[PDB]
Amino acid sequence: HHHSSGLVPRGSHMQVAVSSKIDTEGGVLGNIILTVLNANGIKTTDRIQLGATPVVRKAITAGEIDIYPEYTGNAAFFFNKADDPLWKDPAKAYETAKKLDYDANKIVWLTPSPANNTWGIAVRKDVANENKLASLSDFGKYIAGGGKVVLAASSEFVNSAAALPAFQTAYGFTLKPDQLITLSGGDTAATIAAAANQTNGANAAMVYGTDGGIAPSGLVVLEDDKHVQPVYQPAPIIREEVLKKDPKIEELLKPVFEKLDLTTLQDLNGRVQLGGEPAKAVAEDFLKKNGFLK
């Protein structure tokens, strides 16, 4: 519990510019941050869904925005450490992102969500339930044992060394030609839809962990328990100049992001993306339901 008096002069004023990247999850997480700050007496400006990652990074380093949700693994790209094994360890990825961004930019990484929004595989819920599949280790054993699988994936996912081939060696399986639907120029919208509709027998799909299509389509993400992919946990990151004046922002956002687990964020993103609920309303509902809006 930080102090909220005596830190700055009587006349100190601030408008906290809240932003995000220009995807569904950015809208959801940005509105969660904005709503929490507003509810705790802090003035904000709404710059949510400003642009792609490079745009938002340029904006925060220029002091044009103050706080937005960023993903731990992206620090690999910001600081020229791509494919370093540490990014595949959730704790190391977070601590390293936090240290690098503080040292270079005095940007403070706050408490992350436990959701790992990374490349992966989701299966139809009936398949997961009947065969007790929760993890990619489970999945690999199931496939190796002769389990029925037809995976819809983009060509990139099938053929890039870091994608399906790496899943195959980590989890001990290989997919035969008749266990693959390969989508040239495809995307997760199409792979999710193929699995949702069992197109050509599809029962699994290439996804990103919190894709808004997953929950509405009745799919379930299998845990990357050996972390084949780099970890991308979202966290609020904030300019130190702003945090120093309202340091309570840290403890205000901590239990909020702790409650945003994978299935929760999946649900919120789906409510916007396929349910048509406004991101602000979805954010407010999540906050009210979990007691963060007294």
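Residue indices: 1-based, along the sequence shown.
Peer 1: Check the entry's C-alpha temperature factors for 130 to 138 and 162 to 170, then say which stretch has the higher mean.
Peer 2: Stretch with the higher mean C-alpha B-factor: 130 to 138.
Peer 1: Between 219 to 227 and 77 to 85, point out the one with the higher average CA B-factor as the PDB entry records it.
Peer 2: Mean C-alpha B-factor is greater for 77 to 85.
Peer 1: Among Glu156, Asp101, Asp211, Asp178, where is the Cα temperature factor highest, going by the PDB entry?
Peer 2: Top of the list by C-alpha B-factor: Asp178.
Peer 1: Within this chain, which third does the Cα B-factor at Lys244 fall in: lowest, middle or highest?
Peer 2: It falls in the top third of the chain.
Peer 1: Based on the deposited C-alpha B factors for this chain, I'd like to know if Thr191 is in the lowest, middle or highest third.
Peer 2: As the PDB entry reports it, the C-alpha B-factor of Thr191 lands in the lowest third of its chain.
Peer 1: Per the entry's values, where does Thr264 land by CA temperature factor relative to the rest of its chain, in the lowest, middle or highest third?
Peer 2: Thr264: CA B-factor falls in the middle third of its chain.
Peer 1: Using only modelled residues of the chain, where does the Cα B factor of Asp46 rank: lowest third, middle third or highest third?
Peer 2: It falls in the middle third of the chain.
Peer 1: Relative to the other modelled residues in the chain, which third contains the C-alpha temperature factor of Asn203: lowest, middle or highest?
Peer 2: Middle third, going by the recorded CA B-factors of the chain.
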